[PDB]
Visitor: 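Quick one: the structure is below, and I'll ask about it shortly.
Heads up: numbering here begins at 1 and tracks the sequence. The analysis underlying the following values was restricted to heavy atoms, covering all of them including side chains, and did not include hydrogens, waters or symmetry mates.
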Amino acid sequence: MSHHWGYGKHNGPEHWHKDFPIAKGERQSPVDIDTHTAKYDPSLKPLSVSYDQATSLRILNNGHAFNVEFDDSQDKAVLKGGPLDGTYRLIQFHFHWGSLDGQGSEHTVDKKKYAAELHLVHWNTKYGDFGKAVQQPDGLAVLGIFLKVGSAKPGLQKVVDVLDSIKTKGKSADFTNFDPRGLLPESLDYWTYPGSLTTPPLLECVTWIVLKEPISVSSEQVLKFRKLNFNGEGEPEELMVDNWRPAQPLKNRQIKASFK
Ligand SMILES: Cc1cc(=O)oc2cc(C(F)(F)S(N)(=O)=O)ccc12
Ligand SMILES: [Zn+2]
């Protein structure tokens, strides 16, 4: 209730370390993925994305981004395999995007920034609940998917059209029966490394799995994202753009590739 961090000039990523010292930690995210240095790991098991039974419930503008929330009271939508040991349950997805197509993603590929990045957040069921999971090194698994501007993503339109109803901070809307499988690219080839949440509290509890294949969304679709507001209703308009944290030092970590 007393957090004041954001993405503006005076409360942006370069200021976060004051209230959250872990911002300068040993396994912070996002990071630049240097494709020539990432090594193929033949030991990585196949990635398993089982979203057939996913049950979305609501979409919320939290003043930073918008979250599409799922019912995670049961083992429906889960992520397993890949670098993961155990079962991770989908709790929500959100995006990070820019003010222009040339920036917006958190992770970068050989320093290339994509227009946006989708994050599907999952928590390790061995810890019982999300709050307990974020206190563990292997508590979360976040699946990251890059977005580039070109052809429209049919599966994203239902999200785009509901944004008018959650323009400002604190607004939410019913959002049932949304199928996240419609946001995935064809290939599940990925890079993986141990990291953190990319907004405060910046906890170092995430196994990052970033897909190599980006999805394409249309200019009209991303333009709608850019019409959202960071501010609450009745306050001066601050367009919700550039809600991404820049790449952090890789330090003592190796990024592994699931493909050759
Ligand atoms: C506390 C928490 C709960 C949750 O369901 O999702 C989150 C997502 C993020 C993130 F958006 F910053 S990221 N990018 O690290 O996923 C940060 C914190 C949470
Ligand atoms: Zn995120």
Side-chain angles (χ1 to χ4, degrees), residues 25-54 70 72 75-96 105-114 116-127 130 133-148 180-198 203-215 245 247-260:
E26 301 302 304
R27 54 176 282 183
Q28 288 290 292
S29 296
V31 299
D32 175 55
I33 294 167
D34 190 271
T35 69
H36 291 109
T37 297
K39 196 190 183 187
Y40 168 61
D41 188 346
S43 78
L44 286 168
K45 295 181 177 180
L47 188 63
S48 176
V49 184
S50 295
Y51 292 166
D52 47 288
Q53 297 291 295
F70 291 78
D72 62 338
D75 251 326
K76 299 180 177 181
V78 300
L79 177 66
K80 312 175 317 174
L84 311 170
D85 291 315
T87 298
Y88 289 69
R89 192 173 295 175
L90 174 67
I91 173 174
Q92 60 106 305
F93 72 72
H94 57 278
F95 303 78
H96 299 265
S105 66
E106 296 210 300
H107 290 88
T108 52
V109 182
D110 293 335
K111 300 301 177 85
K112 172 193 174 64
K113 291 173 177 74
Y114 282 88
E117 189 174 327
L118 165 62
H119 290 161
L120 292 127
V121 184
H122 313 72
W123 55 277
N124 196 327
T125 62
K126 72 185 291 175
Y127 300 121
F130 181 96
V134 298
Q135 301 178 59
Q136 311 305 322
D138 60 349
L140 299 192
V142 183
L143 178 57
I145 300 172
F146 293 119
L147 276 66
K148 62 183 188 181
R181 292 176 296 189
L183 299 178
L184 307 173
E186 306 191 324
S187 180
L188 293 180
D189 286 341
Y190 64 83
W191 290 288
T192 180
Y193 73 97
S196 74
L197 293 176
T198 65
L203 301 169
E204 295 182 332
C205 63
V206 184
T207 291
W208 278 94
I209 297 171
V210 178
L211 300 189
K212 174 176 170 188
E213 188 187 322
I215 55 165
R245 184 192 196 192
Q248 302 301 304
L250 184 63
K251 296 189 172 175
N252 190 49
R253 293 177 286 180
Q254 288 193 320
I255 298 178
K256 299 298 189 174
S258 76
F259 57 90
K260 275 189 172 174

Visitor: Sequence neighbours left out, what passes salt bridge (charged side-chain N to carboxylate O under 4.0 Å, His left out) with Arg181? Give chain and number order.
Guide: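 Here the qualifying residues are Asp179.
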Visitor: Any side-chain to backbone donor/acceptor pair from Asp32 onto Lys111? Under 3.5 Å, distance only.
Guide: yes
Visitor: Quick one: OH on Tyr88 to NZ on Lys80, what's the gap to the nearest 0.5 Å?
Guide: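 These two atoms lie 13.0 Å from each other.
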Visitor: From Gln135 CD over to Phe130 CZ, what is the distance, rounded to the nearest 0.5 angstrom?
Guide: 10.5 Å
Visitor: Tell me, do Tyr193 and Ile33 make a side-chain contact under 4.5 Å, heavy atoms counted?
Guide: no
Visitor: So, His96 versus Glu106: side-chain donor-acceptor pair below 3.5 Å or not?
Guide: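 Yes, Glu106 and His96 have a side-chain donor paired with an acceptor closer than 3.5 Å.
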Visitor: Show your working on ring pair (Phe, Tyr, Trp, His ring centres under 6.0 Å) between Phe93 and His122 and close with a plain yes or no.
Guide: CA-CA 9 Å; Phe93 72 72; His122 313 72; over 10 Å; no
Visitor: Can you list everything that forms a salt bridge (charged side-chain N to carboxylate O under 4.0 Å, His left out) with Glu213? Sequence neighbours excluded, please.
Guide: none
Visitor: So which heavy atom on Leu211 is nearest to which on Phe146, and how close?
Guide: O-CD1, 3.7 Å
Visitor: Please report the closest heavy-atom contact between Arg245 and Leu197, naming both atoms and the distance.
Guide: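 Heavy atoms only, the tightest pair is NH1-O, 4.4 Å.
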Visitor: Is any side-chain heavy atom of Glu117 closer than 4.5 Å to one of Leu147?
Guide: no
Visitor: For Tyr40, enumerate each residue passing the ring pair (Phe, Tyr, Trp, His ring centres under 6.0 Å) test, keeping only those at least two apart in sequence or located in another chain.
Guide: none
Visitor: Please answer whether the main-chain N or O of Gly25 pairs with a side-chain N or O of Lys251 as donor and acceptor at a distance below 3.5 Å.
Guide: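 Side chain of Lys251 to backbone of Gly25, a donor-acceptor pair under 3.5 Å: yes, one is there.
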Visitor: Would you mind reporting whether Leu203 and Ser196 have side-chain heavy atoms less than 4.5 Å apart?
Guide: no
Visitor: Identify, with sequence neighbours excluded, every residue that meets side chain to side chain contact (heavy atoms under 4.5 Å, CB included) alongside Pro194.
Guide: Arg27, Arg253
Visitor: Would you name the heavy atoms of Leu183 and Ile145 that are closest together and state the gap between them?
Guide: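 Of all heavy-atom pairs spanning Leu183 and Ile145, the closest is O-CD1, 4.1 Å.
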Visitor: To check you understand the geometry: which heavy-atom pair defines the closest contact between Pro214 and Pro185, and what is its length?
Guide: O-CB, 4.2 Å
Visitor: Other residues, nucleotides and ligands only: do more than 12 of their heavy atoms fall within 6.0 Å of CG on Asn252?
Guide: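 12 or below, so no.
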Visitor: Could you tell me which non-hydrogen atom of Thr108 sits nearest to which non-hydrogen atom of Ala247, and how far apart they are?
Guide: OG1-CB, 4.4 Å
Visitor: What distance separates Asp41 CG from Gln254 CD, expressed to the nearest 0.5 Å?
Guide: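 Taking CG in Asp41 and CD in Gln254, the distance rounds to 9.5 Å.
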Visitor: Is the shortest side-chain heavy-atom distance between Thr87 and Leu79 below 4.5 Å?
Guide: no
Visitor: Could you check whether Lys112 makes a cation-pi contact with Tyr114, meaning its NZ or CZ is under 6.0 Å from the centre of the six-membered ring and within 45° of the ring axis?
Guide: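 Yes, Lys112 and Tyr114 form such a contact.
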Visitor: Can you tell if the side chain of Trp191 reaches within under 4.5 Å of the side chain of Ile209, non-hydrogen atoms only?
Guide: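 Answer no - side chains too far apart.
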Visitor: Taking atom OG of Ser105 and atom NZ of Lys113, what is their separation to the nearest 0.5 Å?
Guide: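 NZ of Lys113 is found 7.5 Å from OG of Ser105.
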Visitor: NZ of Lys76: more than 12 outside heavy atoms within 6.0 angstrom?
Guide: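 Result for NZ/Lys76: enclosed.
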Visitor: Measure the shortest side-chain to side-chain distance between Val31 and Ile255 over non-hydrogen atoms and say whether it is less than 4.5 angstrom.
Guide: yes
Visitor: Just by distance, with hydrogens left out, do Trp208 and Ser29 show a side-chain donor and acceptor under 3.5 Å apart?
Guide: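 Yes, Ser29 and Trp208 have a side-chain donor paired with an acceptor closer than 3.5 Å.
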Visitor: To the nearest 0.5 Å, tell me how far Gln92 CD sits from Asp72 CG.
Guide: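 Answer for the CD-CG pair, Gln92 versus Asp72, is 10.0 Å.
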Visitor: How many angstroms lie between atom CG of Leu90 and atom CG of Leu143, to the nearest 0.5 angstrom?
Guide: 9.5 Å
Visitor: Run the salt bridge (charged side-chain N to carboxylate O under 4.0 Å, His left out) test against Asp75 and tell me which residues pass, sequence neighbours left out.
Guide: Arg89
Visitor: Please answer whether the main-chain N or O of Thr35 pairs with a side-chain N or O of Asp110 as donor and acceptor at a distance below 3.5 Å.
Guide: yes
Visitor: Only counting residues at least two apart or in another chain, list the ones meeting side-chain hydrogen bond (donor to acceptor under 3.5 Å, both in side chains) with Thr37.
Guide: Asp34
Visitor: With the side chain counted from C-beta on, respond yes when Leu140 and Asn124 share a heavy-atom pair under 4.5 Å apart, and no when they do not.
Guide: no
Visitor: Kindly indicate whether the side chain of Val210, heavy atoms from C-beta on, has any atom under 4.5 Å from the side chain of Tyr190.
Guide: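 Answer no - side chains too far apart.
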